Amino acid sequence: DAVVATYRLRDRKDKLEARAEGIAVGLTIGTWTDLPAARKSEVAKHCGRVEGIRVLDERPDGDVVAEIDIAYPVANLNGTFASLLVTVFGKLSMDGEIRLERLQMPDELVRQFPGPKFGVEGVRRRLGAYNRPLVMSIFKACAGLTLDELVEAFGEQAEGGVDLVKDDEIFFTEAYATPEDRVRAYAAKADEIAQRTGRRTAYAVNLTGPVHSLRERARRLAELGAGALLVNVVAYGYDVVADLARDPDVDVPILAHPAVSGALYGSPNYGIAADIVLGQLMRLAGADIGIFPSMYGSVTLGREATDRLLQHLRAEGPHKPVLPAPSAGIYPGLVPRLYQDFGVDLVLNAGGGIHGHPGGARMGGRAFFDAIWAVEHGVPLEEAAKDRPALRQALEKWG
Amino acid sequence: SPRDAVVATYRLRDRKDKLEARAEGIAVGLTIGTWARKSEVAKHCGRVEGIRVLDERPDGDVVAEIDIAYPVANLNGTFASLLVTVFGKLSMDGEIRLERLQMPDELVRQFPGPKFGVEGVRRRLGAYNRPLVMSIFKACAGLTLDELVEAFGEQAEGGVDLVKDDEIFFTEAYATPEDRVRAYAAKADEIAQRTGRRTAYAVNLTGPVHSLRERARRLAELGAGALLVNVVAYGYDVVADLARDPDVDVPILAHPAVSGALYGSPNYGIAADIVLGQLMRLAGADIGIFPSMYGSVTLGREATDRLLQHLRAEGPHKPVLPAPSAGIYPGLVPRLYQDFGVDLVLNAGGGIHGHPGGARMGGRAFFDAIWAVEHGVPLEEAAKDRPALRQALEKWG
Ligand SMILES: [Ca+2]
Ligand SMILES: [Ca+2]
Ligand SMILES: [Ca+2]
Ligand SMILES: [Ca+2]
Ligand SMILES: [Cl-]
């Protein structure tokens, strides 16, 4: 009947027991009150409890690193990320060297959050893409460009057959092309291009502006034919995103971008674990596709967090599963490894992989489809690339 | 700091010879992405405005600061555009920390700022020329409305300016926020004919985002003295809408909950003065709660001085009242006067409820300490005719 949080913290050994008891009482009932007999027993049900204390290491300076588990009765929450976060890591987040490592959430509480509107199966159905990883391209340049220039850049990507093209997450200025004008325009270009490719390439548009008009804008963008909404979830807040995922009129998948999240998880000894920030919380908030740093870029999340992250996105539960879109180091040569890591339920999140291709974005996209083909037919890339110049060039530049 | 750009300073670790390349790539990559149309788009391109080496490692690494200028033209007036730009993708690039933002007035004015500020809060409460005294509920979840009314009464009987919900008070099963405000307002008026002061009530503002503004208005109209807001948990833009709304005609009290997850580490995240100072004033906090220098864990001297400066520096927006927390007891009041001057909220939890004579005397002991300071009489001397202050000195010194 409670959320059980696990914290990693540094302190002195003989303080651990009192510090844990103070947390369990102070962050639930606050303190015991001079009430009559019946009232105490009733109030007791709102009180937290210490579930476990585990010393991980003893330092020569006398400090210990320990894990503490605290149970917070669900009856004190109100079904929002605010209530959850302020309770489990609100004031506690400031208490020196301490980090939230795990949240075990009871079914009753999980079900008060919306979860993905579409999930894996609904994204596939919307885009008509089955039995293969999806391919996504990212705009190399946005700010400063005219709508016409933007359209051409969209066309180049779509001519490579990609399933999805996303705005760069930094695209905020509406001086040259408003989000609504971009959705309309890229729709038409996509229609033209599908006549050669056989696929209408979808557009993930950055969801931006003031909170109070965000849900109405999300609705308009859906109505205008957006393929997905790109949302900087952590910048806006999880509850903000939750309302979007819950609203039936926001009839479009959410593409969760991790911007700002590293400020929470980057440190090994402070903050909140990356699998919670980018995994657990994202699925609850309603991301249909989740972008997170891959194990193949310069800076990873590390093995352990990355596995826990994926399991958060995929674990059997009351909400739909989320498509992982791991970022950085994504090239056609990595495709077979990516099949092994994630299976077919995967978004190939390409950026430099598309635009860095010697033959242009068009070729950059074809390359990924060539590797997808090779895998599906048990053909080695190097072998497949004998008949496919796109893959050939991609194998040349990046291995 | 350029008139046309926000300049962010980052502390980071990298190879020495890599700094220029990394800085240049940031400047371009986070503004235009990549390259006679040039001079047109050049207006949106960022630039490197400083590279400073702080410490050389034997592993060939350096700790350094880099300053990047981000054209204001690329932003849209929201915290989301600001944060995602200066520390979105960048926040995940290993050991790097956002240390400073120098923002032009043209950008600052895109944000609401405090509706009341220091001067507005004093006029609303009618409390001038002295620190304000604020008490926090010691227990909330699971008590009944009547038990909660009695609790509020005890704190108000001490004559305090302000009583705030505990920031963890979410459950509405026993007493709704609407119900508490109605009942506490009625209690405060009963007590004011004995204390001569109508103790205001800062209520925890809670619930889904889509109905928060409507609720803020209702609570203001019902007579809340202020709204307690877990700003970091909800998001700064959520809170900016509150500060901009004329019908949310009550002060905002910013609680720092969740903030430590951003600033706690020395080598990652965002500096505490930015999170709890610079950003709070822009978002519209009238009173800002942050860890004092007198509890177990502080922000450190330097951060604290920077934070207080963000709250007070003359600029487009009104100044914010500081409410330093932890270790706040009557015995500390002279020191707090020296550090903060009279524009200060004395933010007591344990200092009030932990008093030997209960909540009434706890608050009374704080006004005793204020009297002693105002008159240049040492607390030890003032306690001779002031039992509430005497008992506080006995317990905490
Ligand atoms: Ca649902
Ligand atoms: Ca990007
Ligand atoms: Ca204003
Ligand atoms: Ca509190
Ligand atoms: Cl650290």
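Parameters at a glance
- Residues numbered from 1 in each chain as written, not as in the entry; some residues may be left out.
- Chains lettered and ligands numbered in written order.
- Heavy atoms only, no water.
- Residues with missing side-chain atoms left out of burial classes, pairs and counts.
- Domains from an automatic or database assignment.
- Contact = heavy atoms within 4.5 Å.
- Buried area = accessible area lost by both parts, 1.4 Å probe.
- Salt bridge = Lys/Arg side-chain N within 4 Å of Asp/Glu carboxyl O.
- Helix = DSSP H or I, 4+ residues; strand = E, 2+ residues; numbered from the N terminus.
- Core = buried A, V, L, I, M, F, W, Y, C linked by side-chain atoms within 4.5 Å.
- Buried < 20%, exposed > 50% of the residue type's maximum accessible area, 1.4 Å probe, protein only.
- Donors = N, O, S within 2.8 Å, 3.2 Å for Na, K, Ca; no water.
- Pairing = 2+ DSSP bridges.
- Axes fitted to C-alpha atoms, helices over the stretch in contact; angles between N-to-C directions.
- Nonpolar A, V, L, I, M, F, W, Y, C, P; charged D, E, K, R; others polar.
- UniProt positions renumbered as here; feature names shortened; annotations may be inferred.
- Polar contact = N/O pair within 3.5 Å; in protein donor to acceptor, adjacent residues only side chain to side chain.

- Method of determination, as annotated in the archive: X-ray crystallography, at 1.920 Å resolution.

## Things to note about the domain arrangement of chain A
You'll often see interface size given as the accessible area lost when the parts meet.
All names here are of chain A.
In step 1: Per the domain assignment, the segments of chain A are domain 1 (1-113) and domain 2 (114-399).
In step 2: Averaged C-alpha coordinates put domain 1 and domain 2 at centres separated by 36 Å.
In step 3: The partner domain 2 presents 22 residues to the 20 residues of domain 1 that form the contact.
In step 4: Summing both partners gives a buried area of about 1,700 Å² for domain 1 against domain 2, and 59% of it is carried by carbon and sulfur.
In step 5: Per-residue buried area on domain 1 facing domain 2 is highest for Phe81, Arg99 and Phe113; these three make up 39% of the total on that side.
In step 6: Counting the contacts that link domain 1 with domain 2 gives zero salt bridges.
In step 7: The set of elements that each furnish at least two residues to the side of domain 1 that touches domain 2 consists of α3 (81-89), β4 (98-104) and α4 (107-110).
In step 8: It is β4 that contributes the most residues to the side of domain 1 that touches domain 2, six residues altogether.

## A short note on the nonpolar core
In step 1: Among the nonpolar cores identified, the biggest contains 244 residues, and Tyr7(A), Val88(A), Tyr238(A), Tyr10(B), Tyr70(B), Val86(B) and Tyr236(B) are the most heavily contacted of them.
In step 2: Beyond its immediate sequence surroundings of up to four residues, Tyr70(B) is in contact with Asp4(B), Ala5(B), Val6(B), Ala8(B), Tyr10(B), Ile26(B), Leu30(B), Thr31(B), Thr85(B), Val86(B) and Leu90(B).
In step 3: If you look at the next biggest cluster of nonpolar residues, it comprises 17 residues, including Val118(B), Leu162(B), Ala226(B) and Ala323(B).

## As for the coordination of the calcium ion (ligand 4)
Metal coordination angles have textbook ideals: 109.5 degrees for a tetrahedral set of four donors and 90 or 180 degrees for an octahedral set of six.
In step 1: For the calcium ion (ligand 4), the full set of protein donor atoms is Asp166(B) (OD) and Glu167(B) (OE), at a range of 2.3 to 2.4 Å. The same class applies to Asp166(B) and to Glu167(B), which are both buried.

## Remarks on the sheet that holds strand β6 (residues 164-166) of chain A
Residue and element names in this part refer to chain A.
In step 1: Strand order across the open sheet formed by eight strands is β12-β11-β9-β8-β7-β6-β5-β13, with parallel pairing between neighbours. Every interior strand has two partners, whereas the edge strands, β12 (323-327) and β13 (347-350), have only one. Mean inter-strand twist for the sheet, computed between neighbouring axes without regard to direction, equals 25 degrees.
In step 2: In the sheet, strand β11 (residues 289-293) pairs with β12 via five bridges, with the strands oriented parallel. Following the sheet pairing, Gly290 is matched in β12 by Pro324.
In step 3: Sheet contacts for helix α5 (residues 119-127): β5 (134-138), β7 (202-206), β11 and β12; angle to β5, the most-contacted strand, approximately 75 degrees.

## Digging into unusual backbone geometry
All names here are of chain A.
In step 1: One non-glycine residue, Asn131, lies in the positive phi region at around 55 degrees.
In step 2: By secondary structure assignment, the location of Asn131 is in the loop between α5 and β5.
In step 3: By relative accessible area, which is 64% here, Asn131 ends up exposed.
In step 4: A positive phi angle, near 80 degrees, is found at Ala328, a position not held by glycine.

## A few points about the interface of chain B and chain A
In step 1: At the junction of the two partners, chain B supplies 69 residues and chain A supplies 71 residues.
In step 2: Mapped by element, the contributors of at least two residues to the side of chain B that touches chain A are α3 (79-87), α9 (231-234), α10 (236-244), α11 (260-263) and β10 (269-270) of chain B.
In step 3: Of the residues contributing to the side of chain B that touches chain A, the split by class is 32 nonpolar, 26 polar and eleven charged.

## A few points about the environment of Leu219(B)
Residue and element names in this part refer to chain B.
In step 1: Within the element layout of this structure, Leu219 appears in helix α8 (residues 212-222).
In step 2: Take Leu219: its relative accessible area is 0%, and that puts it in the buried class.
In step 3: Each C-alpha atom of the pair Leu219 and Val248 lies 8.6 Å from the other, and the pair is 29 residues apart in sequence.
In step 4: Setting aside residues no more than four positions away along its own chain, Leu219 makes contact with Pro177, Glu178, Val181, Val203, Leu205, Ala224 and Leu227.

## Some words on the UniProt feature "binding site: Ca(2+) 1" (unreviewed entry) in chain A
In step 1: The UniProt record annotates "binding site: Ca(2+) 1" (unreviewed entry) at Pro114(A).
In step 2: Not counting the four nearest positions on each side in its chain, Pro114(A) is found in contact with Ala242(A), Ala245(A), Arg246(A), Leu284(A), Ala285(A) and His319(A).

## Looking at the domain arrangement of chain B
All names here are of chain B.
In step 1: Here chain B is described as being made up of domain 1 (1-111) and domain 2 (112-397).
In step 2: Using C-alpha coordinates to define each centre, domain 1 is positioned 36 Å away from domain 2.
In step 3: Contacts between the two partners involve 21 residues from domain 1, matched on the other side by 22 residues from domain 2.
In step 4: Roughly 1,800 Å² of surface becomes buried between domain 1 and domain 2 when both sides are summed, with 61% attributable to carbon and sulfur atoms.
In step 5: Together, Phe79, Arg97 and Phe111 form the three largest contributors to the area buried by domain 1 at its contact with domain 2, with a combined 38%.
In step 6: The interface formed by domain 1 and domain 2 holds zero salt bridges in total.
In step 7: Where domain 1 meets domain 2, there are 13 residue pairs in polar contact.

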